[PDB]
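Source file structure.cif; content: mmCIF, C-alpha atoms and all ligand atoms.
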data_my_file
#
loop_
_atom_site.group_PDB
_atom_site.id
_atom_site.type_symbol
_atom_site.label_atom_id
_atom_site.label_comp_id
_atom_site.auth_asym_id
_atom_site.auth_seq_id
_atom_site.Cartn_x
_atom_site.Cartn_y
_atom_site.Cartn_z
ATOM 1 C CA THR E 247 -22.970 23.417 16.160
ATOM 2 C CA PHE E 248 -19.740 25.055 15.085
ATOM 3 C CA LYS E 249 -20.337 28.557 13.744
ATOM 4 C CA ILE E 250 -19.208 30.176 10.489
ATOM 5 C CA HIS E 251 -16.066 32.324 10.872
ATOM 6 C CA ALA E 252 -15.142 32.989 7.242
ATOM 7 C CA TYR E 253 -16.856 34.067 4.027
ATOM 8 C CA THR E 254 -15.989 33.994 0.329
ATOM 9 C CA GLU E 255 -15.444 37.065 -1.839
ATOM 10 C CA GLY E 256 -19.057 36.592 -2.913
ATOM 11 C CA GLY E 257 -20.271 36.603 0.691
ATOM 12 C CA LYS E 258 -20.980 32.871 1.014
ATOM 13 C CA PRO E 259 -20.223 30.936 4.226
ATOM 14 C CA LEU E 260 -17.156 28.748 4.632
ATOM 15 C CA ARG E 261 -17.425 26.005 7.252
ATOM 16 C CA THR E 262 -14.330 25.534 9.418
ATOM 17 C CA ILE E 263 -11.812 22.846 8.538
ATOM 18 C CA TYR E 264 -9.990 21.408 11.526
ATOM 19 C CA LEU E 265 -6.451 20.500 10.518
ATOM 20 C CA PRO E 266 -4.279 18.246 12.684
ATOM 21 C CA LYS E 267 -1.205 20.205 13.778
ATOM 22 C CA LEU E 268 1.029 17.246 12.885
ATOM 23 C CA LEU E 269 -0.211 16.880 9.295
ATOM 24 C CA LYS E 270 2.299 19.134 7.521
ATOM 25 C CA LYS E 271 5.342 17.667 9.315
ATOM 26 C CA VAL E 272 4.226 14.083 8.848
ATOM 27 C CA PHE E 273 3.448 14.640 5.156
ATOM 28 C CA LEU E 274 6.946 16.003 4.578
ATOM 29 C CA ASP E 275 8.445 13.006 6.353
ATOM 30 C CA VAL E 276 6.448 10.486 4.309
ATOM 31 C CA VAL E 277 7.346 12.029 0.952
ATOM 32 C CA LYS E 278 10.960 12.945 1.791
ATOM 33 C CA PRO E 279 12.525 10.365 -0.575
ATOM 34 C CA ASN E 280 10.800 12.145 -3.488
ATOM 35 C CA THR E 281 11.654 15.619 -2.163
ATOM 36 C CA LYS E 282 15.358 14.740 -2.019
ATOM 37 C CA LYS E 283 15.225 13.865 -5.739
ATOM 38 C CA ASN E 284 13.521 17.186 -6.547
ATOM 39 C CA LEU E 285 10.233 15.386 -7.215
ATOM 40 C CA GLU E 286 6.812 16.735 -6.162
ATOM 41 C CA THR E 287 4.423 14.544 -4.177
ATOM 42 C CA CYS E 288 0.779 15.126 -3.259
ATOM 43 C CA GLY E 289 -1.514 13.857 -0.535
ATOM 44 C CA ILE E 290 -5.298 14.057 -0.266
ATOM 45 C CA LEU E 291 -6.864 15.621 2.826
ATOM 46 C CA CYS E 292 -9.748 13.369 3.837
ATOM 47 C CA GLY E 293 -12.254 13.534 6.680
ATOM 48 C CA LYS E 294 -15.736 14.052 8.055
ATOM 49 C CA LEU E 295 -18.459 16.648 8.460
ATOM 50 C CA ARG E 296 -19.513 16.994 12.120
ATOM 51 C CA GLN E 297 -21.834 19.645 13.601
ATOM 52 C CA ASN E 298 -21.221 22.136 10.757
ATOM 53 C CA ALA E 299 -17.427 21.805 10.684
ATOM 54 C CA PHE E 300 -15.040 19.580 8.769
ATOM 55 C CA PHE E 301 -12.388 17.447 10.440
ATOM 56 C CA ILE E 302 -9.377 16.103 8.535
ATOM 57 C CA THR E 303 -8.824 12.572 9.847
ATOM 58 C CA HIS E 304 -6.814 10.937 7.055
ATOM 59 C CA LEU E 305 -3.816 11.879 4.926
ATOM 60 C CA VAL E 306 -3.991 9.677 1.833
ATOM 61 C CA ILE E 307 -1.035 9.422 -0.565
ATOM 62 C CA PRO E 308 -2.496 8.377 -3.942
ATOM 63 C CA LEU E 309 -1.051 6.632 -6.971
ATOM 64 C CA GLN E 310 0.557 9.482 -8.877
ATOM 65 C CA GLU E 311 3.138 10.573 -11.439
ATOM 66 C CA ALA E 312 6.100 12.375 -9.855
ATOM 67 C CA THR E 313 7.911 15.137 -11.745
ATOM 68 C CA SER E 314 9.837 18.246 -10.656
ATOM 69 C CA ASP E 315 6.837 20.482 -11.414
ATOM 70 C CA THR E 316 3.765 18.229 -11.140
ATOM 71 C CA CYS E 317 2.342 15.312 -9.161
ATOM 72 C CA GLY E 318 -0.958 14.415 -10.809
ATOM 73 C CA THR E 319 -2.901 11.370 -9.651
ATOM 74 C CA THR E 320 -2.902 8.461 -12.076
ATOM 75 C CA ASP E 321 -5.345 5.641 -11.350
ATOM 76 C CA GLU E 322 -7.928 7.079 -8.963
ATOM 77 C CA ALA E 323 -9.990 3.914 -8.496
ATOM 78 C CA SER E 324 -8.058 2.849 -5.386
ATOM 79 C CA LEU E 325 -8.348 6.359 -3.931
ATOM 80 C CA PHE E 326 -12.097 6.451 -4.555
ATOM 81 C CA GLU E 327 -12.529 2.925 -3.153
ATOM 82 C CA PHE E 328 -10.572 3.786 -0.001
ATOM 83 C CA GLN E 329 -12.605 6.945 0.630
ATOM 84 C CA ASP E 330 -15.808 5.031 -0.099
ATOM 85 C CA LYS E 331 -14.970 2.168 2.262
ATOM 86 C CA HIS E 332 -14.137 4.593 5.070
ATOM 87 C CA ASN E 333 -16.866 7.155 4.375
ATOM 88 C CA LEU E 334 -14.360 9.967 3.833
ATOM 89 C CA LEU E 335 -14.946 13.329 2.167
ATOM 90 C CA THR E 336 -12.300 15.051 0.059
ATOM 91 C CA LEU E 337 -11.465 18.284 1.896
ATOM 92 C CA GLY E 338 -8.422 19.409 -0.049
ATOM 93 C CA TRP E 339 -4.894 18.344 -0.949
ATOM 94 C CA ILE E 340 -1.272 18.984 0.041
ATOM 95 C CA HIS E 341 1.855 18.944 -2.133
ATOM 96 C CA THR E 342 5.535 19.841 -2.140
ATOM 97 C CA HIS E 343 7.680 22.303 -4.007
ATOM 98 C CA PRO E 344 10.960 20.577 -3.217
ATOM 99 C CA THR E 345 13.229 23.459 -4.295
ATOM 100 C CA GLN E 346 11.009 26.395 -5.269
ATOM 101 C CA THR E 347 9.180 28.995 -3.201
ATOM 102 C CA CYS E 348 5.705 28.628 -1.733
ATOM 103 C CA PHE E 349 3.053 29.650 -4.265
ATOM 104 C CA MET E 350 0.283 28.123 -6.381
ATOM 105 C CA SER E 351 1.552 27.293 -9.871
ATOM 106 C CA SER E 352 -0.557 27.374 -13.035
ATOM 107 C CA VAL E 353 -1.161 23.611 -12.774
ATOM 108 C CA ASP E 354 -1.920 23.983 -9.046
ATOM 109 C CA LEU E 355 -4.628 26.514 -9.846
ATOM 110 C CA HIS E 356 -6.249 24.319 -12.496
ATOM 111 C CA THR E 357 -6.038 21.333 -10.117
ATOM 112 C CA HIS E 358 -7.490 23.186 -7.183
ATOM 113 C CA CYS E 359 -10.419 24.620 -9.137
ATOM 114 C CA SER E 360 -12.128 21.223 -9.307
ATOM 115 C CA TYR E 361 -11.648 20.641 -5.554
ATOM 116 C CA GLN E 362 -13.152 24.015 -4.659
ATOM 117 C CA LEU E 363 -16.074 23.660 -7.080
ATOM 118 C CA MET E 364 -16.899 20.326 -5.437
ATOM 119 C CA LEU E 365 -16.542 21.791 -1.930
ATOM 120 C CA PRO E 366 -16.413 25.582 -1.442
ATOM 121 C CA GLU E 367 -14.256 25.057 1.659
ATOM 122 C CA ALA E 368 -11.572 22.993 -0.140
ATOM 123 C CA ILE E 369 -7.974 23.982 0.579
ATOM 124 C CA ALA E 370 -4.576 23.583 -1.096
ATOM 125 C CA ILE E 371 -1.629 23.250 1.284
ATOM 126 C CA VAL E 372 1.774 23.927 -0.315
ATOM 127 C CA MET E 373 5.044 22.960 1.389
ATOM 128 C CA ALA E 374 8.343 24.525 0.299
ATOM 129 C CA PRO E 375 10.854 22.609 2.437
ATOM 130 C CA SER E 376 14.056 24.061 0.945
ATOM 131 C CA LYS E 377 12.740 27.485 2.019
ATOM 132 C CA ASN E 378 11.183 26.249 5.281
ATOM 133 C CA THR E 379 7.924 27.914 4.259
ATOM 134 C CA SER E 380 4.379 26.722 3.702
ATOM 135 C CA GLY E 381 0.999 28.185 2.865
ATOM 136 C CA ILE E 382 -2.666 27.261 2.697
ATOM 137 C CA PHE E 383 -4.445 28.591 -0.368
ATOM 138 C CA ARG E 384 -7.801 28.777 -2.109
ATOM 139 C CA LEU E 385 -9.146 30.394 -5.267
ATOM 140 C CA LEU E 386 -11.119 33.617 -5.056
ATOM 141 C CA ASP E 387 -14.812 32.654 -5.109
ATOM 142 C CA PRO E 388 -16.488 33.446 -7.435
ATOM 143 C CA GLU E 389 -13.841 35.424 -9.405
ATOM 144 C CA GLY E 390 -10.790 33.147 -9.344
ATOM 145 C CA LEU E 391 -12.923 30.056 -9.895
ATOM 146 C CA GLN E 392 -14.526 31.795 -12.893
ATOM 147 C CA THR E 393 -11.133 32.668 -14.373
ATOM 148 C CA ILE E 394 -9.813 29.092 -14.159
ATOM 149 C CA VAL E 395 -13.089 27.488 -15.336
ATOM 150 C CA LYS E 396 -12.948 29.720 -18.440
ATOM 151 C CA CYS E 397 -9.221 29.300 -19.063
ATOM 152 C CA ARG E 398 -8.315 27.542 -22.317
ATOM 153 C CA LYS E 399 -4.706 28.746 -22.485
ATOM 154 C CA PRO E 400 -2.109 26.204 -23.668
ATOM 155 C CA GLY E 401 1.073 25.272 -21.809
ATOM 156 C CA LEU E 402 1.234 24.002 -18.260
ATOM 157 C CA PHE E 403 3.143 27.027 -16.907
ATOM 158 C CA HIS E 404 0.944 29.709 -18.458
ATOM 159 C CA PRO E 405 0.272 32.793 -16.317
ATOM 160 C CA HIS E 406 -3.154 34.038 -15.304
ATOM 161 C CA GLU E 407 -4.453 37.593 -15.273
ATOM 162 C CA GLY E 408 -5.431 39.352 -12.051
ATOM 163 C CA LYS E 409 -6.245 38.235 -8.525
ATOM 164 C CA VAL E 410 -6.949 34.499 -8.816
ATOM 165 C CA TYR E 411 -5.998 32.994 -5.456
ATOM 166 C CA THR E 412 -5.425 33.967 -1.844
ATOM 167 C CA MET E 413 -4.312 32.550 1.488
ATOM 168 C CA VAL E 414 -7.147 31.042 3.517
ATOM 169 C CA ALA E 415 -8.345 32.703 6.699
ATOM 170 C CA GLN E 416 -6.745 31.230 9.820
ATOM 171 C CA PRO E 417 -8.266 30.369 12.191
ATOM 172 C CA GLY E 418 -11.509 31.559 10.552
ATOM 173 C CA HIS E 419 -11.538 29.009 7.734
ATOM 174 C CA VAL E 420 -8.753 26.589 8.678
ATOM 175 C CA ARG E 421 -7.892 25.996 12.315
ATOM 176 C CA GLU E 422 -5.114 23.751 13.560
ATOM 177 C CA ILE E 423 -5.765 21.442 16.541
ATOM 178 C CA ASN E 424 -4.121 18.502 18.358
ATOM 179 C CA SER E 425 -6.112 15.761 16.673
ATOM 180 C CA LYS E 426 -5.316 12.250 15.514
ATOM 181 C CA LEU E 427 -4.259 11.525 11.940
ATOM 182 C CA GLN E 428 -4.084 8.307 9.968
ATOM 183 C CA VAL E 429 -1.527 8.236 7.165
ATOM 184 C CA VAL E 430 -2.467 5.944 4.289
ATOM 185 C CA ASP E 431 -0.172 5.197 1.369
ATOM 186 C CA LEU E 432 -1.760 3.790 -1.804
ATOM 187 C CA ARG E 433 1.503 3.720 -3.796
ATOM 188 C CA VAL E 434 3.360 0.558 -4.855
HETATM 189 ZN ZN ZN M 1 2.705 23.443 -6.829
HETATM 190 ZN ZN ZN M 2 -5.078 28.563 -16.994
#

As structure tokens, the full file:
Amino acid sequence: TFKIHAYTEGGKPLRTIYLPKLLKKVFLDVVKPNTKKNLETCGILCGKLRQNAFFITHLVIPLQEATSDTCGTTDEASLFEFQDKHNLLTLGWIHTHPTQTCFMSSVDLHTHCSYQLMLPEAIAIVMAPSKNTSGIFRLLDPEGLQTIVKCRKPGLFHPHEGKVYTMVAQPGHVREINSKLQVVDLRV
């Protein structure tokens, strides 16, 4: 089996996620028409659990509502049906900041909380192509998760107090390898 090389702030194990080296570049290429119009796009990181590690095998672009600051999924039935038919786990998500810097926004933090509650290893990849930067983030666990779970603040740009999120350990939590990737587009 693959061994544990990363632990949460609460001392709980994080299984390795193997990320295809091509994924970030290919994602940017797929969503480039939106990026050029200053519109965010997201993709879902999908894959399999094998010998105590996760492997991202599919990049799935879901039905979603593009704006300059958000890219929430709309009708998830097709996403759920695709993952069901292909026996794929949700391992995280990737999205663009077409013109801004690389960080997790207020909405990104609320979005990611549900991913990371479902799977402690879940990751949020953020691409900032106009800056040529990217990052892979997670919430602090338990503290950051607690903060977002409890948050009832109004406004979609509202700030949060304290240390809420961090970059993931690489290669301890996420490791990049030369693996295959299927790109699936569920949009019209
Ligand atoms: Zn964002
Ligand atoms: Zn909040």

**OP:** Please evaluate the PyMOL selection byres (((chain E and resi 350-357) around 10) and not hetatm) against the displayed coordinates and give the resulting residues as a PyMOL selection string.
**Re:** chain E and resi 315-318+339+341+343+347-349+358-362+370-372+381-385+390-391+393-395+397+401-406+410-412

Original post:
Which value, in Å to one decimal, gives the distance between CA of residue 323 (chain E) and CA of residue 433 (chain E)?
Top reply: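 Computing it gives 12.4 Å between the two atoms.
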
**OP:** Name the closest residue to ligand ZN 1 (chain M) among the candidates E:428, E:320, E:380, E:336; distances are taken between atoms, counting all atoms listed in the file.
**Re:** E:380

Residue IDs satisfying the PyMOL selection byres (((chain E and resi 414) around 12) and not hetatm), as a PDB file with C-alpha atoms, keeping the file's coordinate frame:
ATOM      1  CA  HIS E 251     -16.066  32.324  10.872  1.00  0.00           C
ATOM      2  CA  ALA E 252     -15.142  32.989   7.242  1.00  0.00           C
ATOM      3  CA  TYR E 253     -16.856  34.067   4.027  1.00  0.00           C
ATOM      4  CA  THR E 254     -15.989  33.994   0.329  1.00  0.00           C
ATOM      5  CA  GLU E 255     -15.444  37.065  -1.839  1.00  0.00           C
ATOM      6  CA  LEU E 260     -17.156  28.748   4.632  1.00  0.00           C
ATOM      7  CA  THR E 262     -14.330  25.534   9.418  1.00  0.00           C
ATOM      8  CA  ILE E 263     -11.812  22.846   8.538  1.00  0.00           C
ATOM      9  CA  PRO E 366     -16.413  25.582  -1.442  1.00  0.00           C
ATOM     10  CA  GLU E 367     -14.256  25.057   1.659  1.00  0.00           C
ATOM     11  CA  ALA E 368     -11.572  22.993  -0.140  1.00  0.00           C
ATOM     12  CA  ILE E 369      -7.974  23.982   0.579  1.00  0.00           C
ATOM     13  CA  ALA E 370      -4.576  23.583  -1.096  1.00  0.00           C
ATOM     14  CA  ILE E 371      -1.629  23.250   1.284  1.00  0.00           C
ATOM     15  CA  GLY E 381       0.999  28.185   2.865  1.00  0.00           C
ATOM     16  CA  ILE E 382      -2.666  27.261   2.697  1.00  0.00           C
ATOM     17  CA  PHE E 383      -4.445  28.591  -0.368  1.00  0.00           C
ATOM     18  CA  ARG E 384      -7.801  28.777  -2.109  1.00  0.00           C
ATOM     19  CA  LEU E 385      -9.146  30.394  -5.267  1.00  0.00           C
ATOM     20  CA  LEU E 386     -11.119  33.617  -5.056  1.00  0.00           C
ATOM     21  CA  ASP E 387     -14.812  32.654  -5.109  1.00  0.00           C
ATOM     22  CA  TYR E 411      -5.998  32.994  -5.456  1.00  0.00           C
ATOM     23  CA  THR E 412      -5.425  33.967  -1.844  1.00  0.00           C
ATOM     24  CA  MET E 413      -4.312  32.550   1.488  1.00  0.00           C
ATOM     25  CA  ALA E 415      -8.345  32.703   6.699  1.00  0.00           C
ATOM     26  CA  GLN E 416      -6.745  31.230   9.820  1.00  0.00           C
ATOM     27  CA  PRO E 417      -8.266  30.369  12.191  1.00  0.00           C
ATOM     28  CA  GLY E 418     -11.509  31.559  10.552  1.00  0.00           C
ATOM     29  CA  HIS E 419     -11.538  29.009   7.734  1.00  0.00           C
ATOM     30  CA  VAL E 420      -8.753  26.589   8.678  1.00  0.00           C
ATOM     31  CA  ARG E 421      -7.892  25.996  12.315  1.00  0.00           C
TER      32      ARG E 421
END

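Within 8 Å of the file-frame point (-7.0, 13.1, 10.3), and using all atoms listed in the file, the polymer residues found are residues 265, 266, 269, 291, 292, 293, 301, 302, 303, 304, 305, 425, 426, 427, 428 and 429 of chain E.
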
Take every atom of region 366-373 of chain E listed in the file, fit an axis-aligned box around them, add 4 Å per side, and give the centre and edge lengths in Å to one decimal as lines of an AutoDock Vina configuration file.
center_x = -5.7
center_y = 24.3
center_z = 0.1
size_x = 29.5
size_y = 10.6
size_z = 11.1

**OP:** Evaluate the PyMOL selection byres (((chain E and resi 297) around 7) and not hetatm) here and jot the selected residues down as a ChimeraX atom specification.
**Re:** /E:247-248,295-296,298-299

**OP:** Would you please work out which residue, of E:294, E:399, E:283, E:249, is nearest to residue 261 (chain E) when using only C-alpha atoms?
**Re:** E:249

Original post:
Between CA of residue 314 (chain E) and CA of residue 329 (chain E), what is the spacing in Å?
Top reply: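 Interatomic distance, CA of residue 329 (chain E) to CA of residue 314 (chain E): 27.5 Å.
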
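Rounded to one decimal, CA of residue 307 (chain E) and CA of residue 282 (chain E) lie 17.3 Å from each other.
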
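Proximity of E:332, E:306, E:373, E:264 to ligand ZN 1 (chain M), computed with only C-alpha atoms and all ligand atoms, is greatest for E:373.
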
Original post:
Which residue, E:365, E:270, E:434, E:398, has the smallest gap to ligand ZN 2 (chain M) when you use all atoms listed in the file?
Top reply: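 Ranking E:365, E:270, E:434, E:398 by distance to ligand ZN 2 (chain M), first place goes to E:398.
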
Subject >> Distance criterion (only C-alpha atoms): nearest to residue 321 (chain E) out of E:340, E:432, E:276, E:250 >> reply: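 Selected residue with least distance to residue 321 (chain E): E:432.
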
When you get a chance, write out N, CA and C atoms for region 294-324 of chain E, as an mmCIF file, in the coordinates of the input.
data_model
loop_
_atom_site.group_PDB
_atom_site.id
_atom_site.type_symbol
_atom_site.label_atom_id
_atom_site.label_comp_id
_atom_site.auth_asym_id
_atom_site.auth_seq_id
_atom_site.Cartn_x
_atom_site.Cartn_y
_atom_site.Cartn_z
ATOM 1 N N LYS E 294 -14.318 14.161 7.731
ATOM 2 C CA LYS E 294 -15.736 14.052 8.055
ATOM 3 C C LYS E 294 -16.361 15.407 8.343
ATOM 4 N N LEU E 295 -17.664 15.487 8.110
ATOM 5 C CA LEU E 295 -18.459 16.648 8.460
ATOM 6 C C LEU E 295 -19.159 16.339 9.779
ATOM 7 N N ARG E 296 -18.936 17.184 10.787
ATOM 8 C CA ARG E 296 -19.513 16.994 12.120
ATOM 9 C C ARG E 296 -19.965 18.321 12.715
ATOM 10 N N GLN E 297 -21.266 18.447 12.975
ATOM 11 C CA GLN E 297 -21.834 19.645 13.601
ATOM 12 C C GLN E 297 -21.415 20.948 12.916
ATOM 13 N N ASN E 298 -21.482 20.952 11.585
ATOM 14 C CA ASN E 298 -21.221 22.136 10.757
ATOM 15 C C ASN E 298 -19.747 22.534 10.634
ATOM 16 N N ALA E 299 -18.847 21.615 10.972
ATOM 17 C CA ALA E 299 -17.427 21.805 10.684
ATOM 18 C C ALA E 299 -16.830 20.544 10.106
ATOM 19 N N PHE E 300 -15.750 20.714 9.353
ATOM 20 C CA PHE E 300 -15.040 19.580 8.769
ATOM 21 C C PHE E 300 -13.817 19.230 9.600
ATOM 22 N N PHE E 301 -13.540 17.934 9.701
ATOM 23 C CA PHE E 301 -12.388 17.447 10.440
ATOM 24 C C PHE E 301 -11.544 16.551 9.533
ATOM 25 N N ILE E 302 -10.313 16.967 9.266
ATOM 26 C CA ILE E 302 -9.377 16.103 8.535
ATOM 27 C C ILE E 302 -8.907 14.981 9.456
ATOM 28 N N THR E 303 -9.154 13.740 9.040
ATOM 29 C CA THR E 303 -8.824 12.572 9.847
ATOM 30 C C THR E 303 -7.800 11.677 9.163
ATOM 31 N N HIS E 304 -7.712 11.787 7.841
ATOM 32 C CA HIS E 304 -6.814 10.937 7.055
ATOM 33 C C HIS E 304 -5.966 11.732 6.069
ATOM 34 N N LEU E 305 -4.686 11.381 5.978
ATOM 35 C CA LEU E 305 -3.816 11.879 4.926
ATOM 36 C C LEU E 305 -3.566 10.704 3.988
ATOM 37 N N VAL E 306 -4.075 10.799 2.764
ATOM 38 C CA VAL E 306 -3.991 9.677 1.833
ATOM 39 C C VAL E 306 -3.047 10.019 0.692
ATOM 40 N N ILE E 307 -1.997 9.216 0.521
ATOM 41 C CA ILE E 307 -1.035 9.422 -0.565
ATOM 42 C C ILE E 307 -1.420 8.534 -1.746
ATOM 43 N N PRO E 308 -1.930 9.140 -2.825
ATOM 44 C CA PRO E 308 -2.496 8.377 -3.942
ATOM 45 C C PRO E 308 -1.454 7.921 -4.959
ATOM 46 N N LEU E 309 -1.841 6.963 -5.796
ATOM 47 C CA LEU E 309 -1.051 6.632 -6.971
ATOM 48 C C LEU E 309 -0.918 7.897 -7.800
ATOM 49 N N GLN E 310 0.298 8.190 -8.253
ATOM 50 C CA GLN E 310 0.557 9.482 -8.877
ATOM 51 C C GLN E 310 1.837 9.461 -9.701
ATOM 52 N N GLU E 311 1.980 10.460 -10.562
ATOM 53 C CA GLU E 311 3.138 10.573 -11.439
ATOM 54 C C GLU E 311 4.036 11.721 -10.982
ATOM 55 N N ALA E 312 5.179 11.379 -10.397
ATOM 56 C CA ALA E 312 6.100 12.375 -9.855
ATOM 57 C C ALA E 312 6.967 13.037 -10.921
ATOM 58 N N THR E 313 6.933 14.368 -10.966
ATOM 59 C CA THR E 313 7.911 15.137 -11.745
ATOM 60 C C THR E 313 8.404 16.307 -10.891
ATOM 61 N N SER E 314 9.322 17.111 -11.414
ATOM 62 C CA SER E 314 9.837 18.246 -10.656
ATOM 63 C C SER E 314 8.838 19.397 -10.560
ATOM 64 N N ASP E 315 7.809 19.380 -11.408
ATOM 65 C CA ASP E 315 6.837 20.482 -11.414
ATOM 66 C C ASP E 315 5.378 20.068 -11.274
ATOM 67 N N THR E 316 5.121 18.765 -11.188
ATOM 68 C CA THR E 316 3.765 18.229 -11.140
ATOM 69 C C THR E 316 3.725 16.932 -10.337
ATOM 70 N N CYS E 317 2.531 16.559 -9.891
ATOM 71 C CA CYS E 317 2.342 15.312 -9.161
ATOM 72 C C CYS E 317 0.900 14.828 -9.294
ATOM 73 N N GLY E 318 0.406 14.816 -10.527
ATOM 74 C CA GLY E 318 -0.958 14.415 -10.809
ATOM 75 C C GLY E 318 -1.253 12.970 -10.461
ATOM 76 N N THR E 319 -2.455 12.724 -9.949
ATOM 77 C CA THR E 319 -2.901 11.370 -9.651
ATOM 78 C C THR E 319 -3.060 10.585 -10.944
ATOM 79 N N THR E 320 -2.861 9.277 -10.869
ATOM 80 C CA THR E 320 -2.902 8.461 -12.076
ATOM 81 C C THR E 320 -4.161 7.607 -12.167
ATOM 82 N N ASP E 321 -4.211 6.554 -11.362
ATOM 83 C CA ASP E 321 -5.345 5.641 -11.350
ATOM 84 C C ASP E 321 -6.118 5.852 -10.052
ATOM 85 N N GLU E 322 -7.207 6.612 -10.142
ATOM 86 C CA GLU E 322 -7.928 7.079 -8.963
ATOM 87 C C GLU E 322 -8.850 6.046 -8.335
ATOM 88 N N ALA E 323 -9.054 4.916 -9.003
ATOM 89 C CA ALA E 323 -9.990 3.914 -8.496
ATOM 90 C C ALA E 323 -9.695 3.503 -7.053
ATOM 91 N N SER E 324 -8.426 3.256 -6.741
ATOM 92 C CA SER E 324 -8.058 2.849 -5.386
ATOM 93 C C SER E 324 -8.296 3.961 -4.369
#
